[PDB]
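Engineer: This is the structure, below, for whatever I ask next.
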Amino acid sequence: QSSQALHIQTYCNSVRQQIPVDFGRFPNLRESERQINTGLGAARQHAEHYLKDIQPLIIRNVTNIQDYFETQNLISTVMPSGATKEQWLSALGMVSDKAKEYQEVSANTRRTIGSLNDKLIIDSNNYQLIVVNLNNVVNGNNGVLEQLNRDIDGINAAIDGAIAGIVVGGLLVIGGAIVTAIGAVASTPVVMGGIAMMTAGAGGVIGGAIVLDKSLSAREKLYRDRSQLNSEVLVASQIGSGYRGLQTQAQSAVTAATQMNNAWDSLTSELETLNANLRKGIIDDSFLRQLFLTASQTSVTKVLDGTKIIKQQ
Amino acid sequence: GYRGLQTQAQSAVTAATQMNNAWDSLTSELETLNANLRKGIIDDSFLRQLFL
């Protein structure tokens, strides 16, 4: 149940805290980071203006209006007691002129609000664009991630195939040694078979080691890429959540601003009605004068309400 | 964290600069009222109702 101004004031200071980010480690997020940084910079400019100028200026105009209506609380449509008709006409004319100036001031505030609205709208849009750009990056990066997990699965098979050859070689050599030793009792074919088993066992152990060292070294490259992509995606999902939150803050501020625009528009219209009610009463002599003057008195209440309403906004 | 602290300080700088301009304006506005008073443009009757 926050006031429109406080909601924008919060969103403003929040955007100010938005730090500039470098996805320098992530090659696919290069354009995203720059785009985000630029948009963030622009939003910051919008906030500083809103905070340092806009909200204060709005407060000033409203205060002046509050003071004005305070003095001119009700137009005395009827001759109260002991004034000339000219004196009453002059006072009314003065009040009319002041209301006109106040009306112009109200229109000015509205224009300011309009600019603020456009600035916020542009910020929210740029934010959304960054979010989509990020969402796309992680939604692509997660196709790559699957092909990596599938390749990593295919790599472990060769890794085990090498582990198998290494063990088989170790046993063949072990068995070959026992056979060779037995054969060496006399019995040349047995010794040959034992030496052959030993030789083959060594060959398999050597060949497997070469393959294994290389196979893990292909596996390592794939895993490194997988981790890098995982990190990049997480970083994107991190900044993405933040931008998403900023986008919501702007969307709400847009509603708050639109509300303020309608409020000022109403005050401007109410002033125009009082001015019209006034003007027609000065160029009226008897009963029709009191009629327009009473309607203006009702105008005056409608403006006083619009003041209290804007003060709450 | 340091990066976030740097941003917090940068914003505080803007906040301070704003406060400096605000006080400077108040000081100038007082000088104008004083000048308006001294020359006989304002009166201690009307300036009282203004502050009130």
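Ordering of the structure tokens sets the chain letters (A, B, ...); residue numbers start at 1 within each chain; ligands are numbered from 1 in the order shown.
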Using only C-alpha atoms, which residues sit within 12 Å of residue 230 in chain A once same-chain residues fewer than 6 positions away are excluded, as a list in words?

Structural biologist: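 After dropping sequence-adjacent residues, the list is residues 26, 137, 138, 139, 140, 141, 142, 143, 144, 145, 146, 148, 149, 223, 224, 236 and 237 of chain A.
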
Engineer: Could you write out the selected residues, including N, CA and C atoms, as a PDB file, in the first residue's frame?

Structural biologist:
ATOM      1  N   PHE A  26      33.053 -15.252 -20.701  1.00  0.00           N
ATOM      2  CA  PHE A  26      32.024 -15.883 -21.576  1.00  0.00           C
ATOM      3  C   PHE A  26      32.039 -15.232 -22.959  1.00  0.00           C
ATOM      4  N   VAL A 137      20.648 -17.474 -24.734  1.00  0.00           N
ATOM      5  CA  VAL A 137      22.066 -17.916 -24.542  1.00  0.00           C
ATOM      6  C   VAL A 137      22.093 -19.230 -23.744  1.00  0.00           C
ATOM      7  N   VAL A 138      21.346 -19.292 -22.638  1.00  0.00           N
ATOM      8  CA  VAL A 138      21.293 -20.462 -21.708  1.00  0.00           C
ATOM      9  C   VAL A 138      20.481 -21.592 -22.349  1.00  0.00           C
ATOM     10  N   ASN A 139      19.530 -21.247 -23.235  1.00  0.00           N
ATOM     11  CA  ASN A 139      18.632 -22.228 -23.905  1.00  0.00           C
ATOM     12  C   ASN A 139      19.339 -22.896 -25.097  1.00  0.00           C
ATOM     13  N   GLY A 140      20.251 -22.169 -25.752  1.00  0.00           N
ATOM     14  CA  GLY A 140      21.261 -22.719 -26.687  1.00  0.00           C
ATOM     15  C   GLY A 140      22.374 -23.510 -25.992  1.00  0.00           C
ATOM     16  N   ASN A 141      23.010 -22.898 -24.987  1.00  0.00           N
ATOM     17  CA  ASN A 141      24.153 -23.458 -24.213  1.00  0.00           C
ATOM     18  C   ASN A 141      23.797 -24.834 -23.629  1.00  0.00           C
ATOM     19  N   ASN A 142      22.503 -25.096 -23.394  1.00  0.00           N
ATOM     20  CA  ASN A 142      21.972 -26.343 -22.780  1.00  0.00           C
ATOM     21  C   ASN A 142      21.710 -27.426 -23.841  1.00  0.00           C
ATOM     22  N   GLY A 143      21.722 -27.086 -25.145  1.00  0.00           N
ATOM     23  CA  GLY A 143      21.879 -28.087 -26.236  1.00  0.00           C
ATOM     24  C   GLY A 143      23.290 -28.677 -26.285  1.00  0.00           C
ATOM     25  N   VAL A 144      24.289 -27.788 -26.311  1.00  0.00           N
ATOM     26  CA  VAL A 144      25.751 -28.094 -26.209  1.00  0.00           C
ATOM     27  C   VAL A 144      26.021 -29.004 -25.001  1.00  0.00           C
ATOM     28  N   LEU A 145      25.470 -28.661 -23.828  1.00  0.00           N
ATOM     29  CA  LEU A 145      25.674 -29.387 -22.544  1.00  0.00           C
ATOM     30  C   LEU A 145      25.307 -30.876 -22.688  1.00  0.00           C
ATOM     31  N   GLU A 146      24.209 -31.170 -23.394  1.00  0.00           N
ATOM     32  CA  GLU A 146      23.681 -32.543 -23.630  1.00  0.00           C
ATOM     33  C   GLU A 146      24.639 -33.331 -24.536  1.00  0.00           C
ATOM     34  N   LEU A 148      27.742 -32.821 -24.870  1.00  0.00           N
ATOM     35  CA  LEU A 148      28.956 -32.983 -24.021  1.00  0.00           C
ATOM     36  C   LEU A 148      28.804 -34.207 -23.102  1.00  0.00           C
ATOM     37  N   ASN A 149      27.682 -34.293 -22.379  1.00  0.00           N
ATOM     38  CA  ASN A 149      27.349 -35.421 -21.465  1.00  0.00           C
ATOM     39  C   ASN A 149      27.300 -36.736 -22.264  1.00  0.00           C
ATOM     40  N   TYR A 223      35.237 -32.283 -20.597  1.00  0.00           N
ATOM     41  CA  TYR A 223      34.798 -31.934 -19.218  1.00  0.00           C
ATOM     42  C   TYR A 223      35.023 -30.440 -18.958  1.00  0.00           C
ATOM     43  N   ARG A 224      36.181 -29.911 -19.361  1.00  0.00           N
ATOM     44  CA  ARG A 224      36.573 -28.480 -19.216  1.00  0.00           C
ATOM     45  C   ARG A 224      35.535 -27.596 -19.913  1.00  0.00           C
ATOM     46  N   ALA A 236      24.728 -16.077 -16.561  1.00  0.00           N
ATOM     47  CA  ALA A 236      23.617 -15.526 -17.372  1.00  0.00           C
ATOM     48  C   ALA A 236      22.317 -15.572 -16.560  1.00  0.00           C
ATOM     49  N   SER A 237      22.016 -16.726 -15.964  1.00  0.00           N
ATOM     50  CA  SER A 237      20.830 -16.967 -15.099  1.00  0.00           C
ATOM     51  C   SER A 237      20.883 -16.057 -13.870  1.00  0.00           C
TER      52      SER A 237
END

Engineer: Distance cut-off 9 Å, counting only C-alpha atoms - which residues of chain B neighbour chain A? Return them as a PyMOL selection string.

Structural biologist: chain B and resi 3-4+6-8+11+14-15+18

Engineer: Using only C-alpha atoms, which residues sit within 10 Å of residue 119 in chain A once same-chain residues fewer than 4 positions away are excluded, as a ChimeraX atom specification?

Structural biologist: /A:42-43,45-47,50,113-115,123-124,250,254

Engineer: Quick one: pull the distance between CA of residue 159 in chain A and CA of residue 216 in chain A, Å, one decimal.

Structural biologist: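 Answer for the CA of residue 159 in chain A to CA of residue 216 in chain A separation: 6.8 Å.
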
Engineer: Record the distance separating CA of residue 311 in chain A and CA of residue 44 in chain A, expressed in Å with one decimal.

Structural biologist: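 One can read the CA of residue 311 in chain A to CA of residue 44 in chain A distance as 26.1 Å.
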
Engineer: Any idea what's packed within 12 Å of residue 196 in chain A, counting only C-alpha atoms, ignoring anything in its chain fewer than 6 positions away? Could you give it as a JSON list (two decimals) with C-alpha atoms, in the first residue's frame?

Structural biologist:
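Done, and the output landed in result-v6.json:
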[["chain", "number", "residue", "atom", "x", "y", "z"],
["A", 169, "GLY", "CA", 48.55, -57.51, -19.93],
["A", 172, "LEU", "CA", 49.45, -62.44, -19.21],
["A", 173, "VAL", "CA", 52.96, -61.30, -18.03],
["A", 174, "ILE", "CA", 52.36, -62.82, -14.50],
["A", 175, "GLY", "CA", 51.21, -66.16, -16.07],
["A", 176, "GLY", "CA", 54.00, -66.00, -18.73],
["A", 177, "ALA", "CA", 56.68, -65.63, -15.98],
["A", 179, "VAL", "CA", 55.17, -70.75, -17.36],
["A", 180, "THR", "CA", 58.65, -69.55, -18.57],
["A", 189, "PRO", "CA", 58.24, -74.80, -26.66],
["A", 190, "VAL", "CA", 56.78, -74.15, -23.11],
["A", 202, "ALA", "CA", 54.24, -56.00, -21.70],
["A", 203, "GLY", "CA", 53.07, -54.83, -25.18]]

Engineer: Using DSSP assignments from the backbone, pull out every residue in chain B that falls under alpha helix (DSSP H) and give it to me as a ChimeraX atom specification.

Structural biologist: /B:2-38,46-51

Engineer: Generate a file of the selected residues that holds C-alpha atoms, formatted as a PDB file, in the first residue's frame.

Structural biologist:
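What ended up in result11.pdb:
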ATOM      1  CA  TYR B   2      34.472  -4.436  -3.622  1.00  0.00           C
ATOM      2  CA  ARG B   3      32.845  -3.611  -7.037  1.00  0.00           C
ATOM      3  CA  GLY B   4      29.436  -3.274  -5.247  1.00  0.00           C
ATOM      4  CA  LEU B   5      31.068  -1.071  -2.528  1.00  0.00           C
ATOM      5  CA  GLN B   6      32.621   1.146  -5.311  1.00  0.00           C
ATOM      6  CA  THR B   7      29.095   1.641  -6.840  1.00  0.00           C
ATOM      7  CA  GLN B   8      27.635   2.422  -3.325  1.00  0.00           C
ATOM      8  CA  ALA B   9      30.344   5.161  -2.894  1.00  0.00           C
ATOM      9  CA  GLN B  10      29.794   6.555  -6.469  1.00  0.00           C
ATOM     10  CA  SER B  11      26.016   6.918  -5.644  1.00  0.00           C
ATOM     11  CA  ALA B  12      26.794   8.435  -2.168  1.00  0.00           C
ATOM     12  CA  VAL B  13      29.043  11.002  -4.022  1.00  0.00           C
ATOM     13  CA  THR B  14      25.994  12.043  -6.176  1.00  0.00           C
ATOM     14  CA  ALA B  15      23.788  12.124  -2.995  1.00  0.00           C
ATOM     15  CA  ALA B  16      26.385  14.383  -1.214  1.00  0.00           C
ATOM     16  CA  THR B  17      26.840  16.688  -4.292  1.00  0.00           C
ATOM     17  CA  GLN B  18      22.981  17.021  -4.303  1.00  0.00           C
ATOM     18  CA  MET B  19      23.005  17.982  -0.543  1.00  0.00           C
ATOM     19  CA  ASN B  20      25.818  20.553  -1.275  1.00  0.00           C
ATOM     20  CA  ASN B  21      23.686  22.177  -4.070  1.00  0.00           C
ATOM     21  CA  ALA B  22      20.587  22.177  -1.731  1.00  0.00           C
ATOM     22  CA  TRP B  23      22.439  24.058   1.101  1.00  0.00           C
ATOM     23  CA  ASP B  24      24.073  26.400  -1.525  1.00  0.00           C
ATOM     24  CA  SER B  25      20.516  27.230  -2.843  1.00  0.00           C
ATOM     25  CA  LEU B  26      19.184  27.888   0.741  1.00  0.00           C
ATOM     26  CA  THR B  27      22.250  30.174   1.413  1.00  0.00           C
ATOM     27  CA  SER B  28      21.623  32.095  -1.897  1.00  0.00           C
ATOM     28  CA  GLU B  29      17.800  32.328  -1.209  1.00  0.00           C
ATOM     29  CA  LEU B  30      18.607  33.860   2.258  1.00  0.00           C
ATOM     30  CA  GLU B  31      21.047  36.393   0.621  1.00  0.00           C
ATOM     31  CA  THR B  32      18.238  37.375  -1.888  1.00  0.00           C
ATOM     32  CA  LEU B  33      15.672  37.885   0.966  1.00  0.00           C
ATOM     33  CA  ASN B  34      18.350  39.955   2.859  1.00  0.00           C
ATOM     34  CA  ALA B  35      19.006  42.096  -0.302  1.00  0.00           C
ATOM     35  CA  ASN B  36      15.188  42.363  -0.931  1.00  0.00           C
ATOM     36  CA  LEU B  37      14.789  43.434   2.777  1.00  0.00           C
ATOM     37  CA  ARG B  38      17.762  45.937   2.970  1.00  0.00           C
ATOM     38  CA  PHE B  46       5.031  40.244   5.060  1.00  0.00           C
ATOM     39  CA  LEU B  47       8.309  38.152   5.379  1.00  0.00           C
ATOM     40  CA  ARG B  48       6.911  36.870   8.774  1.00  0.00           C
ATOM     41  CA  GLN B  49       3.639  35.568   7.142  1.00  0.00           C
ATOM     42  CA  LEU B  50       5.875  33.993   4.368  1.00  0.00           C
ATOM     43  CA  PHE B  51       7.995  31.909   6.866  1.00  0.00           C
TER      44      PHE B  51
END

Engineer: Could you check how far CA of residue 2 in chain A sits from CA of residue 312 in chain A, in Å to one decimal?

Structural biologist: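 Those two atoms sit 9.7 Å apart.
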
Engineer: I'd like the contact shell of range 289-296 of chain A - 9 Å cut-off, only C-alpha atoms, skipping same-chain residues fewer than 4 positions apart - returned as a PyMOL selection string.

Structural biologist: chain A and resi 74-78+273-285+300-301

Engineer: Identify, on the basis of only C-alpha atoms, every residue whose closest approach to residue 161 in chain A does not exceed 9 Å; exclude the query and any residue fewer than 5 positions from it along the same chain; express the result as a VMD selection string.

Structural biologist: chain A and resid 156 166 208 212
